[PDB]
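Residue numbers (the numbering used here), protein chains in the order written: chain A, 6 to 575; chain B, 149 to 293. Note that the Cβ used here is the ideal one computed from N, Cα and C, for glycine as well.
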Amino acid sequence: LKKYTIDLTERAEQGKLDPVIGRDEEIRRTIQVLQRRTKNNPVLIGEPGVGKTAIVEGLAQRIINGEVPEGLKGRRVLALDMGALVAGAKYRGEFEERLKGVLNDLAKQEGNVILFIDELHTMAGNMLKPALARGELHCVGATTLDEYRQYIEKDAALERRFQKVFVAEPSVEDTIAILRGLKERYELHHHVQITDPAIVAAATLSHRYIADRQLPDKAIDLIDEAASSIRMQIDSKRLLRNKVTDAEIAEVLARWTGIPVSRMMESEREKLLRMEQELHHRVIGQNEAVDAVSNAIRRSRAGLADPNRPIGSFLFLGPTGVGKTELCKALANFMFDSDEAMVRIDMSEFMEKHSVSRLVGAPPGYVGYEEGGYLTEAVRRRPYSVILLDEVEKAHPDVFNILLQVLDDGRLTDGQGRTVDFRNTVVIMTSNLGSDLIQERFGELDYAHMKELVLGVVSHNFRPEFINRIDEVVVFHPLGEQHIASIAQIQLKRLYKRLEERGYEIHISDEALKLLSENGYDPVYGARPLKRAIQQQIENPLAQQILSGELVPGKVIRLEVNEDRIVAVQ
Amino acid sequence: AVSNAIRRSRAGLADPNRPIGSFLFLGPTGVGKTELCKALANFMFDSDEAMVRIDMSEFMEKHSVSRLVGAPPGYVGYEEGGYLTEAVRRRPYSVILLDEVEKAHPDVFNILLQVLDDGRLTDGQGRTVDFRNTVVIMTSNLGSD
Ligand SMILES: Nc1ncnc2c1ncn2[C@@H]1O[C@H](COP(=O)(O)OP(=O)(O)OP(O)(O)=S)[C@@H](O)[C@H]1O
Ligand SMILES: Nc1ncnc2c1ncn2[C@@H]1O[C@H](COP(=O)(O)OP(=O)(O)OP(O)(O)=S)[C@@H](O)[C@H]1O
Ligand SMILES: Nc1ncnc2c1ncn2[C@@H]1O[C@H](COP(=O)(O)OP(=O)(O)OP(O)(O)=S)[C@@H](O)[C@H]1O
């Protein structure tokens with residue numbers, strides 16, 4: 006009744022509404038739907054964040070400013086609150102006398118009140134249905150595109166009374182103009198200086214890095230949060246910024262989606278040129294693999310990466326034991342500081358056609374639909390990741406197609422329908438396909454010979470549609486004598502750290518490191534023979550003296566050599 | 149010949165019982181099949197991503213059909229519609245890219261006959277959807293050799 010004078014036009018009269026910009030064809034349709042004699046009820050429908058509550062706040066800022074037609078001049082936009090009409094309506098028929106007491110004194114103005122039911126689908130609200138049809142209330146609803154479907158589309162006699170005046174998500178060029186007219190609201194709440202580089206590069210950066218939101222709600226937020234970060238650094242304890250710049254926008258996105266465009270200029274760019282030194286600390290050999298990996302991480306940090314495809318999509322073809330999933334563990338240890346920070350997926354677990362429903366999730370109406378699948382879910386959670394599709398050698402095209410879109414255009418949709426973007430991820434696919442051809446025919450193949458053998462899967466798979474998408478087919482060579490002599494003192498260095506925590510300190514001999522480098526050398530089995538020679542020649546002799554109290558903690562366990570048999574003595 | 153079906157019918161002067169264009173884009177790899185669906189969607193709607201791109205990701209299954217048309221009534225994903233059906237109810241004039249359509253199950257085409265001739269695909273909820281104004285492109289890789 007008169008507990009409801011909720012005047013959205015006096016909020017616009019007192020300057021308490023944000024200025025709306027450039028939706029002059031959805032307001033012009035909102036106006037002209039509101040000016041017809043039967044069911045003048047527009048419904049600003051559209052995705053969340055798009056700008057459809059802030060069209061009625063641009064009606065209210067045009068009605069109060071006289072940019073409307075002169076039959077709509079001097080109206081009143083009134084935001085009807087569903088919550089305030091149902092609150093306290095405990096007794097029977099209190100809500101109906103409350104709503105009729107609204108409908109009565111909407112009629113007393115004789116059509117000079119434009120009602121605004123924001124979040125229209127909340128209309129307890131059973132009885133407006135005849136008055137909405139005659140044009141007795143001018144009722145701008147503004148519900149989303151999925152909440153109109155599951156409430157108002159269910160009442161098929163109620164969605165007749167409403168004209169959807171669909172509010173499309175604006176472009177980047179329409180969001181920069183939206184943002185150039187809104188920054189004086191955020192330059193004045195935060196007392197900062199949002200510069201025009203921080204607006205062109207906040208509707209650009211959020212329009213590409215953000216996919217879970219709309220368009221006008223992402224760029225506007227970034228600037229809202231970069232300004233509240235600058236005001237934080239203005240206050241808390243020239244050199245300081247009074248000014249939101251385009252680098253401050255990227256810092257707000259770097260810690261919100263993974264990696265910025267601009268935080269690099271100090272010591273991260275030093276350790277990106279030191280990447281092949283940092284990756285060779287754990288993957289010795291395979292310069293052609295470490296260079297092809299580190300170039301793709303440099304191509305993205307320089308902003309040079311194709312923004313539609315992933316950062317890098319590699320196929321790691323080689324023999325066994327040569328470091329194909331050691332590179333992907335040394336890559337994720339480089340950029341995420343943990344080996345188990347890949348989205349690693351052993352491809353050998355899905356040998357069936359039904360096993361492709363665990364990477365994308367079950368379709369609507371099945372078990373495990375509501376849980377997604379752990380490729381698209383683990384990438385929707387953390388969008389900048391490394392995806393290890395380890396041991397990628399299956400005989401099913403249905404499970405391979407999934408990667409037809411991950412690697413080209415960088416998208417892959419849930420069973421739930423949510424499209425997950427892979428354009429910021431590094432997809433690595435380490436199979437074993439040139440194995441008996443890299444070993445024998447090594448030299449001047451230049452990935453043109455083992456790539457025929459990954460091409461020639463086409464009796465089953467590896468369709469040329471798929472190899473055309475992967476960015477680097479990578480040559481992994483077998484390990485030589487000098488390589489496994491240096492994977493020795495990696496796995497040896499990895500063993501003393503397993504013993505300092507026990508409290509035992511080991512010195513290695515210069516021949517004991519030469520025994521494992523000649524006993525654990527096998528050309529066909531890579532570096533796992535050395536990984537087994539250590540756990541057979543120097544760890545089983547250690548454990549019969551670590552258990553048996555023969556080796557006290559603290560004294561230096563000298564790994565001397567007996568008659569070609571490594572002995573642990575203190 | 150994709151700017152001839154949108155040229156026959158801008159206001160609509162094609163057959164008004166079948167879509168604006170139904171195209172199979174057959175070819176080798178890397179030739180521009182999916183790029184024509186992003187240069188046409190950029191021409192009509194001023195954005196490459198302004199088409200209904202259904203990759204045939206998980207379309208081989210024995211029921212992925214309910215992914216792009218919707219679950220049956222009373223099932224778990226029922227109230228969220230289907231991917232193809234809701235995107236054309238929401239905007240009837242779109243481009244629909246069906247990427248690598250041969251990599252889908254034959255049960256996918258058995259509901260995709262209804263959009264190609266009748267121009268109208270009923271869904272799992274049970275409402276009929278006008279595809280008579282959309283452009284349905286099916287890129288595929290058959291005949292590549
Ligand atoms: N054309 C515009 N001009 C100025 N600000 C805009 C414009 N469109 C959107 N905004 C701003 O975008 C933000 C969110 O938009 P809203 O319209 O309030 O929410 P919405 O789009 O209605 O989505 P909801 O959550 O379903 S109400 C607000 O800060 C608005 O001021
Ligand atoms: N080039 C290398 N540099 C350092 N360690 C290596 C190298 N190659 C193998 N290793 C070691 O051997 C193991 C790695 O084997 P993986 O590389 O995971 O198997 P793969 O080489 O990828 O081939 P597979 O059997 O087809 S998975 C780990 O213990 C690594 O420490
Ligand atoms: N005719 C063309 N004109 C311009 N760019 C092209 C053309 N053909 C291919 N390209 C480029 O090649 C890339 C991949 O080609 P796409 O057309 O996307 O894939 P496709 O040609 O449809 O074939 P697939 O793998 O079977 S889906 C595109 O991103 C373009 O950059």
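Assign residue i to buried or exposed, taking buried as 16 or more other Cβ atoms, counted over all protein chains shown, within 10 Å of its Cβ.
| i | result |
| --- | --- |
| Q238/A | exposed |
| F405/A | buried |
| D293/B | exposed |
| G20/A | exposed |
| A224/A | buried |
| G76/A | exposed |
| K251/B | buried |
I need the DSSP call for residue i, collapsed to helix, strand or coil.
| i | result |
| --- | --- |
| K248/A | strand |
| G525/A | coil |
| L322/A | strand |
| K105/A | helix |
| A147/A | strand |
| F121/A | strand |
| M204/B | coil |
| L518/A | helix |
| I492/A | helix |
| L137/A | helix |
| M455/A | helix |
| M286/B | strand |
Just tell me which of the options has its CA closest to the CA of residue i.
| i | options | result |
| --- | --- | --- |
| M286/B | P221/B, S195/B, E197/B, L174/B | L174/B |
| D342/A | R306/A, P312/A, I316/A, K276/A | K276/A |
| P176/B | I543/A, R468/A, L13/A, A231/A | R468/A |
| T276/B | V217/B, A159/B, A252/B, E248/B | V217/B |
| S214/B | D203/B, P240/B, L232/B, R201/B | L232/B |
| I316/A | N292/A, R474/A, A216/A | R474/A |
| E354/A | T35/A, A337/A, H401/A | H401/A |
| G290/A | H482/A, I60/A, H126/A, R563/A | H482/A |
| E396/A | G328/A, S390/A, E449/A, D344/A | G328/A |
| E565/A | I513/A, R67/A, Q487/A, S241/A | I513/A |
| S212/B | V479/A, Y374/A, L552/A | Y374/A |
| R33/A | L49/A, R185/A, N567/A, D23/A | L49/A |
Flag residue i as yes if its beta-carbon sits less than 8 Å from any beta-carbon of chain B, otherwise no.
| i | result |
| --- | --- |
| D222/A | no |
| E470/A | yes |
| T430/A | no |
| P368/A | yes |
| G422/A | yes |
| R314/A | no |
| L320/A | no |
| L258/A | no |
| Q155/A | yes |
| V365/A | yes |
| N473/A | yes |
| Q410/A | yes |
| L6/A | no |
Could one say the Cβ of residue i lies closer than 8 Å to chain A's Cβ atoms, at least one of them?
| i | result |
| --- | --- |
| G291/B | no |
| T177/B | yes |
| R155/B | no |
| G229/B | yes |
| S214/B | yes |
| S205/B | yes |
| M208/B | yes |
| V277/B | no |
| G225/B | yes |
At a cut-off of 7 Å, is residue i close to ligand 1 when judged by its beta-carbon and the heavy atoms of the ligand?
| i | result |
| --- | --- |
| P221/A | yes |
| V55/A | yes |
Relative to ligand 3, is the shortest distance from any of its heavy atoms to the C-beta of residue i smaller than 7 Å?
| i | result |
| --- | --- |
| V179/B | yes |
| residue 108/B | Any question about residue 108/B goes unanswered here, given that chain B covers just 149 to 293. |
| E197/B | no |
Taking 7 Å as the cut-off, is the beta-carbon of residue i closer than that to any non-hydrogen atom of ligand 2?
| i | result |
| --- | --- |
| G531/A | yes |
| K536/A | yes |
| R503/A | no |
Please determine whether the Cβ atom of residue i lies at a distance below 7 Å from any heavy atom of ligand 4.
| i | result |
| --- | --- |
| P388/A | What this structure holds is ligand 1, ligand 2 and ligand 3, not ligand 4. |
Mind checking the segment 239-260 of chain B against chain E and listing, in chain order, the residues whose C-beta falls within less than 9 Å of any C-beta there?
Absent here is chain E; the protein component of the structure consists of chains A and B.
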